[PDB]
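Before any comments, here is the structure.
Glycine also receives a Cβ, built like all others from the backbone with ideal geometry; neighbour counts cover every protein chain displayed. Read-outs throughout are calculated quantities, based only on the coordinates presented, and are distinct from any laboratory measurement.
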RNA sequence: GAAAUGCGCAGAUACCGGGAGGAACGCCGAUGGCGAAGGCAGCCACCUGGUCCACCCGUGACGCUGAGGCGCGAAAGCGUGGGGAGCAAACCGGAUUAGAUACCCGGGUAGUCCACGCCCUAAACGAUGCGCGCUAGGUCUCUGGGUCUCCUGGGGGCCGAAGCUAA
Ligand SMILES: [Mg+2]
Ligand SMILES: [Mg+2]
Ligand SMILES: [Mg+2]
Ligand SMILES: [Mg+2]
Ligand SMILES: [Mg+2]
Ligand SMILES: [Mg+2]
Ligand SMILES: [Mg+2]
Ligand SMILES: [Mg+2]
Ligand SMILES: [Mg+2]
Ligand SMILES: [Mg+2]
Ligand SMILES: [Mg+2]
């Protein structure tokens, strides 16, 4: 799975400031954690079509927060992606 | 009506996840080997669910019976 | 690491020497698979509710272990390989759930 | 005349016939009988009179081998399942127990169409 | 219904013991639960989705819906392997009948099962698109929280205010 301190190293890795639990940057990061896990899971379990719906929604959620962050500070946007390795 | 012995009462402070406690578990099996109804264990819905899983582990271990046999007819 | 409980039913009919050999292979099997052994209890042999392996009794074991999750199925696999190991049941542990208390 | 004294009687009750087997305390049959054995032919065999006659025949047949007591084992839900037991009791055989052991799967084999219908 | 095909002296039915194998999970079990739907039920472990409550911590309208697209989609059916207990279209018999290409009975192939790949349908039904707000209550229930009589959420039912409806 993904453990508390596993997760923690990601929130602190991305918070705009100490105690920032819920900024766009933090969320788009946390999802990419969950997405890569899921897609790793479905490369094995290609028939777990139920879980696959999960992935379609995480992705839909990611590119939705991304679509916002790019409309707000296209700096932080091109910044998040280079950090996470997406859009490419 | 129809209220004779309810099995929750006629017992003490037992654990329900304990699959090794044959002498407490076998009180919830019928005269045959069957898991009893709630209207006969007097358990809560969540309680029965757990006893139901516990009894099954006990049967796999050979402590409780899967089935028995009626002795009057 | 999760906390499990390993049940082992044993051939009720072996002696001190074939038992002490089995328990050996059981704790060595554990060692090789990550099993840090918390508390244990050899409850011994009881009357089976139904004959297992044509015996009407079975010798019982029980280990409470912390061990790697990804290794539990092999640990149980390896344990069943033996011949006087009649049953293996590996449950993951749970907080008890009192009732009528 | 192999001498046994006590043993088991199996009643196999069914809708189409009743059928009684007597065995030694280990389950090897001593003697048996049924609705056809007592000269019935068609649907008459499952009648409860047949089960009386059949049970009584397999008792008399068994008291020759010297039976005296019997554990009874009902098996089935036929007509005259019970008229077979009544016969065994009134017969000169100690009926020390009656146990129903009708076999029943833990949902197992797809039944014949006759036997499933409205689920 | 009554029967007859059928099986049985190469010893069946009934009964005890041993073995093989395929399929399905009795009770619990429902008025219960999960899921977007189709659907989901022995037990255990692993991998993985959704969801609900409390805290009121963080972001600051990031929302809703959605033509095309894409994925999913019971059963039957298709391809290639495999498997094949029980069941059973077609088919082969026995009966029934005025006839009986049928209902009843004895057999039985595909199929049902597995893997992979197609098919894309249905009384795919609540015959009720999704989301949000507003408008009496009573009561049974599943699952959280609280000061636990009761209060407050989330779900499943029933009766009913206002109102709606051709009914
Ligand atoms: Mg706040
Ligand atoms: Mg602010
Ligand atoms: Mg389909
Ligand atoms: Mg199919
Ligand atoms: Mg095929
Ligand atoms: Mg058939
Ligand atoms: Mg037929
Ligand atoms: Mg409600
Ligand atoms: Mg409610
Ligand atoms: Mg009105
Ligand atoms: Mg009217």
> When only residues in segment C:1-20 that are under 16 Å from the mean Cα position of the chain (by Cα) and over 20 Å from residue C:57 (Cβ atoms) count, which is surrounded by the most Cβ atoms within 10 Å (Cβ to Cβ)?
Replying inline: C:6
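One line per residue, one yes/no per condition, for (1) closer than 24 Å to residue B:70 by Cα; (2) outside any strand (DSSP E or B); (3) in contact with a helix residue (DSSP H, G or I) (Cβ under 9 Å, 6 or more places away or on another chain):
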| residue | (1), (2), (3) |
| --- | --- |
| D:20 | yes, no, yes |
| D:31 | no, no, yes |
| D:38 | no, yes, yes |
| D:59 | yes, yes, yes |
| D:67 | no, yes, yes |
| D:102 | yes, yes, no |
> Just one of C:37, C:65, C:85 is surrounded by 11 or more Cβ atoms within 10 Å (Cβ to Cβ), more than 12 Å from every other protein chain (Cβ to nearest Cβ), on the phi < 0 side of the Ramachandran plot and without any contact (Cβ under 8 Å) to a residue 40 or more places away in the chain; which is it?
Replying inline: C:37
>> Exactly one condition in (1) exposed (fewer than 15 other Cβ atoms within 10 Å of the Cβ); (2) closer than 25 Å to residue B:67 by Cα; (3) in contact with a strand residue (DSSP E or B) (Cβ under 6 Å, 6 or more places away or on another chain) is false for residue D:27; which is it?
In response: (3)
> If you scan segment B:55-64, which residues turn out to be near RNA strand E (Cβ under 9 Å from one of its atoms) and touching a helix residue (DSSP H, G or I) at 6+ places or on another chain (Cβ under 7 Å)?
Replying inline: B:55
> Applying the selection to segment B:1-37, what residues are within 8 Å of RNA strand E (Cβ to nearest atom), more than 10 Å from chain C (Cβ to nearest Cβ) and surrounded by 15 or more Cβ atoms within 10 Å (Cβ to Cβ)?
Replying inline: B:35, B:36
> Which condition breaks for residue C:43 when tested against (1) within 11 Å of another protein chain (Cβ to nearest Cβ); (2) in contact (Cβ under 8 Å) with a residue 60 or more places away in the chain; (3) closer than 14 Å to residue C:10 by Cα?
Replying inline: (2)
> Within the bounds of segment B:54-67, is there any residue that is within 11 Å of chain C (Cβ to nearest Cβ), over 26 Å from residue D:100 (Cβ atoms) and within 11 Å of the chain's Cα centre (by Cα)?
Replying inline: yes
> Filter segment B:38-53 for residues that are away from chain C (no Cβ under 11 Å) and within 8 Å of RNA strand E (Cβ to nearest atom); which is nearest to residue C:92 (Cα to Cα)?
Replying inline: B:52
>> Criterion first (under 17 Å from residue A:76 (Cα atoms) and near RNA strand E (Cβ under 6 Å from one of its atoms)) does residue A:24 satisfy it?
In response: yes
> So which residues in segment B:29-63 are farther than 18 Å from residue C:50 by Cα, outside any helix (DSSP H, G or I) and touching a strand residue (DSSP E or B) at 6+ places or on another chain (Cβ under 9 Å)?
Replying inline: B:36
